[PDB]
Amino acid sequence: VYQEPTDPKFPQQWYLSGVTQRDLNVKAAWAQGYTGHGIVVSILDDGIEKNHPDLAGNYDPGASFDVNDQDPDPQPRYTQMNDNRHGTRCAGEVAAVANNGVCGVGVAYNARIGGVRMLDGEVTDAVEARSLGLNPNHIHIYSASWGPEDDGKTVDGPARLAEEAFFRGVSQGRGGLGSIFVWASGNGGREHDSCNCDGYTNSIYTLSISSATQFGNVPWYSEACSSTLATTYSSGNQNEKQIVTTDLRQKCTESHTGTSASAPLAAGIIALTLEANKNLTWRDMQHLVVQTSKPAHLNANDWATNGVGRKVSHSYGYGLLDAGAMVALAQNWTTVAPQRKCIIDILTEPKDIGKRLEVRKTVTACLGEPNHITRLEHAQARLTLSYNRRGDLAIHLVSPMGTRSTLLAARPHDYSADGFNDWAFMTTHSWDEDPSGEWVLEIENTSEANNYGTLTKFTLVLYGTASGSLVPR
């Protein structure tokens, strides 16, 4: 019979388990025997307190490096403000030691935990690449609770070295099965930011994770977008509980908050899943998340049923992660077929945007060719356009199965006249749909201003396979 942790703050970790059903169902995975043994997770952040009494027992120097100072020791830089506490808080969510009379427990409390000190300094492309590409045959899962500024006017993503690190990681990392990159979707809710304007979350190679409050609501800091894949609990208002984890200076905190807390919890759940089947590929893991995540009782006004019967929201992706269901489905998972990529150049001429532009195109999704896709995974609309005030644009993409993805919602603070330069807007909302048929792109001016611009390129990029479908939900 499984005995739950006795740690003093475990009763306050409302998001791990409970009679109430408002949790991530993590105790169910523990009771199946999965606690993270043998899995290695690295926190890419401002450092990790490797001697913390709730981390030392799981700490892994092979999962760690200091990119800011170019040494092996990721110890945080101590200051009066305790600025560099962020990575230690994230690490405890994944892998705080259990049953040791200290603080609470990690989701994967027997996993090995490291940290890359890379935020405490100028975060260049090279710095990112050296962190994302650290020891990729030892680290299984990378967790990143950082990104481009959430001011609601930035459009930015991985530069060349970081993108090369993503492709090297998913292609050759983890023995060719692919590094697992987990990303926090963003804290830009107050600025009406869109997490599709963030190339890290928008990447197909990352699992972008959003947040829900204890009472099941969209937190004030949440960013909505189509690239988000799933959700874990985090903070909300001051009547809602927060996240319990290890804090700087060997302390325990019950007030970890924001998007930053959601990605580590997802990384821990993914660690449990990898323990249940170490042969899962990076794409397998995304399939498991899509199939097992739970919308129930998460409140949103945009829940929609996609072409294969799954509920999907721009605030939550496919819903809350469910650790018990993840580890159960993982055990007899059949590896997905190799990934196909079908490139469809849509336009035959530039198109003036004006007040509203609708572009319709019927596609065969590479019918008759080795990259024929009947089973979609990610879809991208790679758009090149000029516009005089970017944040007045709203962009939607409708799949042949009728699923309307918001590629871009209005961003009131985005005054830029720089438009989009082959920006690869991504949606997860048509996962497992057949992409043959009519796609519709909609671009509209959401303001009364007499705005102007031109769409000059629209590449529809489809990823997926031609086999292995389930009967729709």
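Start at 1 with the first residue shown and count on from there.
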Practice item. Pick between 353 to 361 and 259 to 267: the one whose mean CA B-factor in the entry is higher. Key: 353 to 361
Exercise for review: Between 440 to 448 and 421 to 429, name whichever shows the higher mean Cα B factor according to the PDB entry.
Suggested key: 440 to 448
Exercise for review: Would you mind checking which of 212, 398, 141, 81 has the top Cα temperature factor in the PDB entry?
Suggested key: 81
Review point. Taking the Cα B-factors listed in the entry, which of 115, 216, 199, 72 comes out highest?
Key: 72
Exercise for review: Using the B-factor values recorded in the entry, state whether the Cα atom of residue 339 falls in the lowest, middle or highest third among the modelled residues of its chain.
Suggested key: lowest
Check your understanding: Should residue 152 be placed in the lowest, middle or highest third of its chain by the C-alpha B factor in the entry?
Key -> middle
Review point. What third of its chain, lowest, middle or highest, does the C-alpha temperature factor of residue 227 fall into?
Key: lowest
Practice item. Using the B-factors in the PDB entry, rank residue 434's C-alpha atom against the chain and give the third, lowest, middle or highest. Key: lowest
Check your understanding: What third of its chain, lowest, middle or highest, does the C-alpha temperature factor of residue 414 fall into?
Key -> middle
